[PDB]
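Every number here is computed from the coordinates shown, using simple stated rules; none is lab data. Every residue, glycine among them, receives a Cβ derived from its backbone with ideal geometry; neighbour counts consider all protein chains shown.
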Protein chains: 2
Amino acid sequence: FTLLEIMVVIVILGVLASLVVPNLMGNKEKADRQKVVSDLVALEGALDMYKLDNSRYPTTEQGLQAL
Amino acid sequence: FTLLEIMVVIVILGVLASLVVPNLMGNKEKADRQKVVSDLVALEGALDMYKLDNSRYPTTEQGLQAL
């Protein structure tokens, strides 16, 4: 109640917490790439639409907000 | 491949098919006249030849087949 209730658990605690290694850190950073690479085709491909109707692309100061 | 391969072309299709107006209909009907007018001189002029040898023209029921 004081020893068995504790000492047995102290082991179970560390035995549990020791061999529980879920994963790494930084996988999201790899995801940031495709998130931007996905934009690349989506950006140029979307701009091409505007390059069709107005037959041209927006100006720098005009920015992508024109899209 | 799905949008640029299509949307750009949908425009090019209509832009092409829209400003391609070749000509009218009925010019052949005008040609039917000269085709018959050409016969007129050719008919009488040809009949005149028969009006020379036999000194006269063929009969109605005899028709132009006599020529």
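Going toward the positive end of the dipole of chain B, with +1 on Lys and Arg Cβ and -1 on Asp and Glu Cβ, which of B:60, B:10, B:31 do you reach last?
B:10
I'd like the Karplus ³J(HN,Hα) series for the stretch A:12-18: coefficients 6.51, -1.76, 1.60, θ = phi - 60°, whole numbers in Hz, and an x wherever there's a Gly or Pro.
Calculated HN-Hα couplings, in order: 4, 5, x, 5, 6, 4, 6 Hz.
Could you identify the residue of A sitting closest to the A-B rotation axis by Cβ and state that distance rounded to whole angstrom?
A:2, 1
Between copies, how far does the label point of residue A:2 sit from its twins, in nm, shortest first, when each point is 7 Å from Cα along Cα→Cβ?
7.1
For chain A, with only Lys/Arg (+1) and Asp/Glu (-1) charged at the beta-carbon, what is the dipole magnitude about the Cα centre, in debye rounded to 20?
Using Cβ point charges on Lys, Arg, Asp and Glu, chain A gives about 120 debye.
Give me the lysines in straight-line cross-link reach of residue B:51: C-alpha distance below 29 Å, same-chain residues under 8 apart excluded.
B:35
Among B:22-28, A:25-31, B:57-63, B:41-47, what's the highest-first ranking by average C-beta atoms within 10 angstrom per residue?
Details: B:22-28: 6.3, A:25-31: 8.0, B:57-63: 9.6, B:41-47: 11.6.
Averaged packing, sorted descending, gives the order B:41-47, B:57-63, A:25-31, B:22-28.
Applying the Karplus parametrisation 6.51 cos²θ - 1.76 cosθ + 1.60 with θ = phi - 60° to the phi angles of the stretch A:50-61, what ³J(HN,Hα) value in whole Hz is obtained for each residue in order, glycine and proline being reported as x?
Rounded to whole hertz, the list is 5, 5, 8, 5, 7, 6, 6, 9, x, 6, 3, 4.
Taking the label point as lying 7 angstrom from Cα along the Cα-to-Cβ axis, what are the distances from residue B:44 to the corresponding position in the remaining copies, in ascending order and in nanometres?
When each copy's label point is compared with this one, the spacings are 7.8 nm.
Using the crude model of +1 on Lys and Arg Cβ and -1 on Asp and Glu Cβ, and no other charge, please compute the dipole size for the protein assembly as shown relative to its Cα centre, in debye to 20. Write out the running numbers ahead of the final one.
On the way: 12 positive and 16 negative charges, 19 e Å.
The calculation lands at about 80 debye.
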